[PDB]
Amino acid sequence: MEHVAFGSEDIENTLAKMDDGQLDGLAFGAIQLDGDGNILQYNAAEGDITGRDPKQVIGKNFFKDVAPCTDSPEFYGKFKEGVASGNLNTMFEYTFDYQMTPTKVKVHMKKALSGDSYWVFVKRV
Ligand SMILES: *C(=O)/C=C\c1ccc(O)cc1
């Protein structure tokens with residue numbers, strides 16, 4: 001495993017060194033999005049939670065195509081505000097229920113170290 005704890009204060013620094021293969025060693029789901037919500041990275045733990053095949057969701061838009069549960073002011077709304085402000089660091093619980101058994105998760109969204117990229121971290125609660 002890669003020893004990084006969910007919710008760690010310097011998580012963006014740690015994950016900046018990881019390739020897709022290293023991301024797959026995290027104890028929690030991790031998705032990297034561009035400013036438009038397009039999926040840049042999607043790790044194995046997330047695929048384990050949602051059932052989606054990581055290779056197949058990369059390049060798709062998270063909010064429009066992949067995870068319409070999140071297209072709401074409570075999730076998407078927060079993301080868009082963060083993108084516009086250039087700053088984002090928020091944690092909340094949510095339920096994923098599209099084409100799957102309803103699953104309650106903890107979500108942490110944080111801006112990445114790189115300019116126009118954003119992390120969504122996910123773990124079961
Ligand atoms: C609602 O959010 C439904 C599905 C979904 C699929 C993949 C990921 O990663 C999150 C959510």
# chains A, B, ... in the order shown; residues from 1 in each chain; ligands from 1
call {"tool": "residues_near_ligand", "arguments": {"ligand": "ligand 1", "cutoff": "10 Å", "atoms": "only C-alpha atoms and all ligand atoms", "output": "VMD selection string"}}
result
chain A and resid 29 to 31 39 42 to 43 45 to 54 57 62 to 63 65 to 71 75 94 to 103 105 120 to 122
call {"tool": "residues_around", "arguments": {"residues": "residue 1 (chain A)", "least_positions_apart": "4", "cutoff": "10 Å", "atoms": "only C-alpha atoms", "output": "tab-separated table (two decimals) with N, CA, C and O atoms, in the first residue's frame"}}
result
chain	number	residue	atom	x	y	z
A	22	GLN	N	0.63	4.03	-8.69
A	22	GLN	CA	0.75	4.30	-7.26
A	22	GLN	C	-0.60	4.66	-6.66
A	22	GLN	O	-0.93	4.24	-5.55
A	23	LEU	N	-1.39	5.43	-7.41
A	23	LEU	CA	-2.72	5.81	-6.97
A	23	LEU	C	-3.57	4.60	-6.64
A	23	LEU	O	-4.43	4.63	-5.76
A	24	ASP	N	-3.32	3.51	-7.34
A	24	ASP	CA	-4.08	2.28	-7.17
A	24	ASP	C	-3.73	1.60	-5.87
A	24	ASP	O	-4.36	0.62	-5.49
A	25	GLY	N	-2.71	2.11	-5.19
A	25	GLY	CA	-2.32	1.57	-3.90
A	25	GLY	C	-2.87	2.34	-2.71
A	25	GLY	O	-2.52	2.05	-1.56
A	26	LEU	N	-3.74	3.32	-2.96
A	26	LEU	CA	-4.33	4.10	-1.88
A	26	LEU	C	-5.44	3.32	-1.16
A	26	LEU	O	-6.09	2.47	-1.75
A	27	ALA	N	-5.66	3.64	0.11
A	27	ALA	CA	-6.67	2.97	0.92
A	27	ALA	C	-8.05	3.54	0.67
A	27	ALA	O	-9.04	3.06	1.23
call {"tool": "select_by_dssp", "arguments": {"residues": "region 2-121 of chain A", "states": "helix (DSSP H, G or I)", "output": "JSON, numbers by chain"}}
result
{"A": [11, 12, 13, 14, 15, 20, 21, 22, 23, 44, 45, 46, 47, 48, 49, 50, 54, 55, 56, 57, 62, 63, 64, 65, 66, 68, 69, 70, 76, 77, 78, 79, 80, 81, 82, 83, 84, 85]}
call {"tool": "write_last_selection", "arguments": {"atoms": "C-alpha atoms", "output": "compact mmCIF listing (two decimals), in the first residue's frame"}}
result
# COMPACT_ATOMS: atom_id res chain seq x y z
CA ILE A 11 -2.36 15.20 0.79
CA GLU A 12 -1.92 17.19 -2.45
CA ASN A 13 1.83 17.30 -1.87
CA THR A 14 2.02 13.57 -1.27
CA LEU A 15 -0.09 12.53 -4.26
CA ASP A 20 -1.64 5.91 -11.98
CA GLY A 21 -0.06 2.73 -10.62
CA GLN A 22 0.75 4.30 -7.26
CA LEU A 23 -2.72 5.81 -6.97
CA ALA A 44 -8.78 1.12 -8.14
CA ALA A 45 -10.29 1.86 -4.71
CA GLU A 46 -12.84 4.14 -6.36
CA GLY A 47 -13.64 1.44 -8.90
CA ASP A 48 -14.16 -0.92 -5.95
CA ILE A 49 -16.68 1.44 -4.38
CA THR A 50 -18.67 2.37 -7.51
CA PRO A 54 -11.18 3.02 -14.24
CA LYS A 55 -9.78 2.76 -17.77
CA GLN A 56 -13.26 3.27 -19.17
CA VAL A 57 -14.20 6.42 -17.25
CA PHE A 62 -17.70 13.26 -14.08
CA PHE A 63 -20.78 15.44 -13.63
CA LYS A 64 -22.52 15.00 -16.96
CA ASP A 65 -21.70 11.40 -17.93
CA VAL A 66 -20.34 9.31 -15.08
CA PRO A 68 -25.08 12.37 -12.27
CA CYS A 69 -25.81 11.94 -8.51
CA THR A 70 -23.23 14.68 -8.04
CA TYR A 76 -21.17 20.01 -8.39
CA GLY A 77 -22.10 23.43 -7.01
CA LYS A 78 -19.23 23.30 -4.54
CA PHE A 79 -16.82 22.13 -7.22
CA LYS A 80 -17.69 24.91 -9.66
CA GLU A 81 -17.35 27.55 -6.97
CA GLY A 82 -13.95 26.16 -6.01
CA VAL A 83 -12.77 26.14 -9.60
CA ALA A 84 -13.84 29.75 -10.11
CA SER A 85 -12.16 30.87 -6.84
call {"tool": "residues_around", "arguments": {"residues": "residue 110 (chain A)", "least_positions_apart": "2", "cutoff": "8 Å", "atoms": "only C-alpha atoms", "output": "number ranges by chain"}}
result
A: 12, 88-90, 108, 112, 118-120
call {"tool": "closest_residue", "arguments": {"among": "A:8, A:116, A:73, A:125", "to": "residue 93 (chain A)", "atoms": "only C-alpha atoms"}}
result
A:125
call {"tool": "select_by_dssp", "arguments": {"residues": "chain A", "states": "strand (DSSP E or B)", "output": "NGL selection string"}}
result
:A and (29-34 or 38-42 or 61 or 89-96 or 103-111 or 117-124)
call {"tool": "write_last_selection", "arguments": {"atoms": "N, CA, C and O atoms", "output": "short mmCIF file (atom, residue, chain, number, x, y, z; two decimals), in the first residue's frame"}}
result
data_model
loop_
_atom_site.label_atom_id
_atom_site.label_comp_id
_atom_site.auth_asym_id
_atom_site.auth_seq_id
_atom_site.Cartn_x
_atom_site.Cartn_y
_atom_site.Cartn_z
N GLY A 29 -10.69 5.94 -2.33
CA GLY A 29 -10.91 6.31 -3.72
C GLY A 29 -10.30 7.67 -3.99
O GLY A 29 -10.34 8.56 -3.12
N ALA A 30 -9.71 7.82 -5.17
CA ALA A 30 -9.16 9.09 -5.60
C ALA A 30 -9.46 9.31 -7.07
O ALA A 30 -9.21 8.45 -7.91
N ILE A 31 -10.00 10.49 -7.35
CA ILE A 31 -10.31 10.89 -8.71
C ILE A 31 -9.64 12.23 -8.93
O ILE A 31 -9.72 13.10 -8.07
N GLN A 32 -8.95 12.39 -10.05
CA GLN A 32 -8.47 13.71 -10.43
C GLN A 32 -9.29 14.27 -11.58
O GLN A 32 -9.52 13.59 -12.58
N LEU A 33 -9.75 15.51 -11.42
CA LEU A 33 -10.58 16.18 -12.42
C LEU A 33 -9.91 17.45 -12.90
O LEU A 33 -9.19 18.11 -12.15
N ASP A 34 -10.15 17.80 -14.16
CA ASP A 34 -9.77 19.13 -14.62
C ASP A 34 -10.86 20.11 -14.23
O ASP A 34 -11.84 19.72 -13.58
N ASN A 38 -13.78 16.90 -16.22
CA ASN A 38 -13.33 15.72 -16.96
C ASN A 38 -12.39 14.86 -16.12
O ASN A 38 -11.51 15.37 -15.44
N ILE A 39 -12.55 13.54 -16.19
CA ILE A 39 -11.74 12.66 -15.35
C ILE A 39 -10.34 12.45 -15.93
O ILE A 39 -10.19 12.01 -17.06
N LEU A 40 -9.33 12.80 -15.14
CA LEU A 40 -7.93 12.65 -15.56
C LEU A 40 -7.34 11.37 -14.99
O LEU A 40 -6.50 10.72 -15.60
N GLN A 41 -7.77 11.02 -13.78
CA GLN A 41 -7.28 9.82 -13.09
C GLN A 41 -8.42 9.25 -12.28
O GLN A 41 -9.30 9.98 -11.83
N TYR A 42 -8.39 7.94 -12.08
CA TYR A 42 -9.48 7.28 -11.38
C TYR A 42 -8.88 5.99 -10.86
O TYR A 42 -8.46 5.13 -11.64
N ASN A 61 -16.82 13.09 -18.67
CA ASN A 61 -17.10 14.15 -17.73
C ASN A 61 -17.78 13.57 -16.50
O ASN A 61 -18.79 12.87 -16.62
N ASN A 89 -11.40 23.14 -0.59
CA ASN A 89 -11.01 22.21 0.46
C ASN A 89 -12.23 21.94 1.32
O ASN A 89 -12.51 22.67 2.25
N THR A 90 -12.98 20.91 0.97
CA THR A 90 -14.25 20.66 1.63
C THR A 90 -14.49 19.17 1.79
O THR A 90 -14.06 18.35 0.98
N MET A 91 -15.19 18.82 2.87
CA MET A 91 -15.44 17.43 3.18
C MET A 91 -16.88 17.30 3.62
O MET A 91 -17.36 18.13 4.37
N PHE A 92 -17.57 16.27 3.11
CA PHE A 92 -18.98 16.05 3.40
C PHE A 92 -19.33 14.61 3.06
O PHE A 92 -18.60 13.93 2.34
N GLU A 93 -20.45 14.14 3.59
CA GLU A 93 -20.96 12.82 3.25
C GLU A 93 -21.92 12.93 2.07
O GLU A 93 -22.53 13.99 1.84
N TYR A 94 -22.08 11.85 1.33
CA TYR A 94 -22.94 11.88 0.16
C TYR A 94 -23.39 10.46 -0.13
O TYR A 94 -22.77 9.51 0.35
N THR A 95 -24.44 10.31 -0.92
CA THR A 95 -24.82 8.98 -1.36
C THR A 95 -24.70 8.82 -2.87
O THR A 95 -25.19 9.64 -3.62
N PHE A 96 -24.01 7.77 -3.30
CA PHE A 96 -23.97 7.42 -4.73
C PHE A 96 -25.05 6.39 -5.02
O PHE A 96 -25.06 5.34 -4.39
N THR A 103 -24.95 3.88 -1.95
CA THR A 103 -23.76 3.75 -1.11
C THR A 103 -23.38 5.07 -0.48
O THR A 103 -23.15 6.07 -1.16
N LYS A 104 -23.32 5.08 0.85
CA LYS A 104 -22.96 6.28 1.57
C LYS A 104 -21.45 6.41 1.67
O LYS A 104 -20.76 5.48 2.05
N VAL A 105 -20.95 7.59 1.36
CA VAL A 105 -19.52 7.81 1.35
C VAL A 105 -19.17 9.13 2.00
O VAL A 105 -20.00 10.03 2.09
N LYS A 106 -17.92 9.25 2.42
CA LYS A 106 -17.32 10.52 2.79
C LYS A 106 -16.50 11.02 1.61
O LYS A 106 -15.68 10.29 1.05
N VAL A 107 -16.73 12.28 1.24
CA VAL A 107 -16.05 12.90 0.13
C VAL A 107 -15.17 14.03 0.65
O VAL A 107 -15.57 14.81 1.51
N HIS A 108 -13.95 14.10 0.12
CA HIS A 108 -13.06 15.21 0.37
C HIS A 108 -12.64 15.73 -1.00
O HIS A 108 -12.07 14.98 -1.82
N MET A 109 -12.95 16.98 -1.29
CA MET A 109 -12.49 17.61 -2.52
C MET A 109 -11.43 18.64 -2.19
O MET A 109 -11.61 19.50 -1.31
N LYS A 110 -10.32 18.56 -2.89
CA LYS A 110 -9.25 19.52 -2.66
C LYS A 110 -8.59 19.89 -3.97
O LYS A 110 -8.41 19.04 -4.83
N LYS A 111 -8.20 21.14 -4.10
CA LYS A 111 -7.44 21.56 -5.27
C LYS A 111 -6.07 20.91 -5.27
O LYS A 111 -5.44 20.75 -4.21
N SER A 117 -6.26 21.45 -11.73
CA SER A 117 -6.62 20.08 -11.44
C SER A 117 -7.16 20.00 -10.02
O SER A 117 -6.80 20.81 -9.15
N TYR A 118 -8.05 19.03 -9.79
CA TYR A 118 -8.78 18.91 -8.55
C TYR A 118 -8.91 17.46 -8.14
O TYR A 118 -9.07 16.58 -8.98
N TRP A 119 -8.79 17.20 -6.85
CA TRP A 119 -8.96 15.85 -6.33
C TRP A 119 -10.33 15.68 -5.71
O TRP A 119 -10.83 16.57 -5.02
N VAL A 120 -10.89 14.50 -5.91
CA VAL A 120 -12.04 14.03 -5.16
C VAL A 120 -11.62 12.75 -4.49
O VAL A 120 -11.25 11.79 -5.17
N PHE A 121 -11.65 12.72 -3.16
CA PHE A 121 -11.28 11.52 -2.43
C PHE A 121 -12.52 10.95 -1.81
O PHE A 121 -13.38 11.69 -1.34
N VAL A 122 -12.61 9.63 -1.78
CA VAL A 122 -13.84 8.98 -1.38
C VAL A 122 -13.54 7.78 -0.48
O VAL A 122 -12.69 6.97 -0.79
N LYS A 123 -14.23 7.69 0.66
CA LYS A 123 -14.16 6.47 1.45
C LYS A 123 -15.52 6.11 2.03
O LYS A 123 -16.40 6.96 2.19
N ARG A 124 -15.68 4.84 2.33
CA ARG A 124 -16.93 4.36 2.88
C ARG A 124 -17.13 4.85 4.31
O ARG A 124 -16.18 4.96 5.07
#
call {"tool": "atom_distance", "arguments": {"atom1": "CA of residue 16 (chain A)", "atom2": "CA of residue 114 (chain A)"}}
result
8.2 Å
call {"tool": "atom_distance", "arguments": {"atom1": "CA of residue 37 (chain A)", "atom2": "CA of residue 59 (chain A)"}}
result
9.6 Å
